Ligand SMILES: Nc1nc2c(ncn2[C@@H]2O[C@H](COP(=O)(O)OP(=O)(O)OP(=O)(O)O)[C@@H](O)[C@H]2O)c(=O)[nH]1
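Only one chain is shown below, in structure tokens, and it's the form deposited without guanosine-5'-triphosphate (GTP).
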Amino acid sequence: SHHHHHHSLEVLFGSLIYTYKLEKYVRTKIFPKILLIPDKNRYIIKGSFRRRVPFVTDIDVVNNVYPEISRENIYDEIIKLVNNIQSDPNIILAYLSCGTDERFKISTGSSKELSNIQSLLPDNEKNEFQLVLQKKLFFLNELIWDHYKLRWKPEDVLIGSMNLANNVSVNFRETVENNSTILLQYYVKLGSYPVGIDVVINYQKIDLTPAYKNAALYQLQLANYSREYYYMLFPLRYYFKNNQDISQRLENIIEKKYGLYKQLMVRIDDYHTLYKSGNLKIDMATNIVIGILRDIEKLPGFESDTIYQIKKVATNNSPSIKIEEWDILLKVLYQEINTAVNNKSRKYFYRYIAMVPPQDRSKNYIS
């Protein structure tokens, strides 16, 4: 009888959560506008979104366009595409990546580190870091990443060339006609905020597998070298890929238990990207900061003085300074969130690393 121990309780409760509805929407409304060959058989979703992780972060997709699109017409096709995107107020193309500036390639030999520090500016930053003697090389590549890997804004593509370090110019056509893939970094509104969609155009018949190995191996190093115990779980997720029970626990820990931590870090990064790439209005910038401040309140036991400063910066001012200050504080906040999640994750990391044969530890862990 419900006269007695009856309670009700319900009661309901935000940020982007995966739903088959969302996937259907990007596949039918967005993909036809951002891919070079839309065609279910010509593209493939990868990464977190292919995994339907509940706290959605990004959509990574590959478009295999060869031979319809090859080096013969890749320039004309990309130009057509950028023009279309620039005409679409609903879709932002932050950056198009293609090519390298080999003057920033590594392969070691101290001569060349000096020979390539010095094409820079705050390059004492480079040297200040030389003071760390290997893994030195890892944080050097970290520093010169955007010099070495060519990122083009739409404007640079359309003008057809851009200026590099030391009054060197690079030409966009030569670049694409002597390359094999292009990375298109888009932002599209899905949540109540912009989400990045990454499209890789493969216009030769190249095996991308080596690129997967190295990105995986890259994430490993990046996580381990900076002792980020949260991210250090990602290799383990791949390692136990075939143990059903461990896979579910790692997936839970990474995607559900601490999913929001990861999502807030991406969202903050997306802010910095939209900013630096010149596509961030104060309306958009403010909406994003709002949702972030909201969701920060749901990280149990999380505290930060940064929250306060972000609060005051919101006050009048010019959009210009508001956006700049926010950006600066969001960097601190990113680190606070990184540290919070990394501390909570240390136990799980060690708990699961200890579960891998000591021989294989070398390949899932860095001393």
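Sequential numbering from 1, following the sequence displayed. Whichever C-alpha set is largest while still superposing within 1.5 Å between the two forms counts as the rigid core.
Although it is not shown, the form deposited with guanosine-5'-triphosphate (GTP) bound is what the next lines describe.
Chemist: Choose from 113 to 121, 217 to 225, 147 to 155, 175 to 183 the stretch whose residues reach within 4.5 Å of guanosine-5'-triphosphate (GTP) in the deposited complex, heavy atoms counted.
Modeler: Heavy atoms within 4.5 Å of guanosine-5'-triphosphate (GTP) in the deposited complex occur in 217 to 225.
Chemist: Does any heavy atom of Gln309 come within 4.5 Å of a heavy atom of guanosine-5'-triphosphate (GTP) in the deposited complex?
Modeler: No, no contact at 4.5 Å.
Chemist: Residue-level question: is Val266 within 4.5 Å of guanosine-5'-triphosphate (GTP) in the deposited complex, judged on heavy atoms?
Modeler: Because a heavy atom of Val266 falls inside 4.5 Å of guanosine-5'-triphosphate (GTP) in the deposited complex, the answer is yes.
Chemist: In the deposited complex, does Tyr187 come within 4.5 Å of guanosine-5'-triphosphate (GTP), counting heavy atoms only?
Modeler: Taking the distances in the deposited complex, the answer for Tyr187 is no, it never comes within 4.5 Å of guanosine-5'-triphosphate (GTP).
Chemist: Please tell me whether any heavy atom belonging to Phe31 falls inside 4.5 Å of a heavy atom of guanosine-5'-triphosphate (GTP), as the geometry stands in the deposited complex.
Modeler: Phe31: no contact with guanosine-5'-triphosphate (GTP) in the deposited complex.
Chemist: Could you spot which one of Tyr231, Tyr258, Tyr271, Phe104 gets a heavy atom to within 4.5 Å of guanosine-5'-triphosphate (GTP) in the deposited complex?
Modeler: It is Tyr231.
Chemist: Scan 36 to 57 and write down, in order along the chain, each residue with a heavy atom lying within 4.5 Å of guanosine-5'-triphosphate (GTP) in the deposited complex.
Modeler: If the 4.5 Å heavy-atom criterion is applied to guanosine-5'-triphosphate (GTP) in the deposited complex, 36 to 57 yields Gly47, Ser48, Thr57.
Chemist: Upon rigid core superposition, which of the listed residues (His272, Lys126, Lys262, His147) is displaced by 2 angstroms or more at its Cα between this form and the one not shown?
Modeler: Meeting the 2 Å or more criterion is only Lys126.
Chemist: Any CA movement of 2 Å or more for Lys112 between this form and the one not shown, core superposed?
Modeler: After core superposition, the displacement of the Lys112 C-alpha between this form and the one not shown reaches the 2 Å mark, so yes.
Chemist: Check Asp123 against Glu142 at the C-alpha atoms and report closer or farther in the deposited complex, compared with the shown form; the change is 3 Å or more.
Modeler: Here the pair is closer than in the deposited complex; there, farther apart.
Chemist: Once you compare with this form, do the C-alpha atoms of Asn124 and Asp327 lie closer or farther in the deposited complex, given a change of 3 Å or more?
Modeler: Result: closer.
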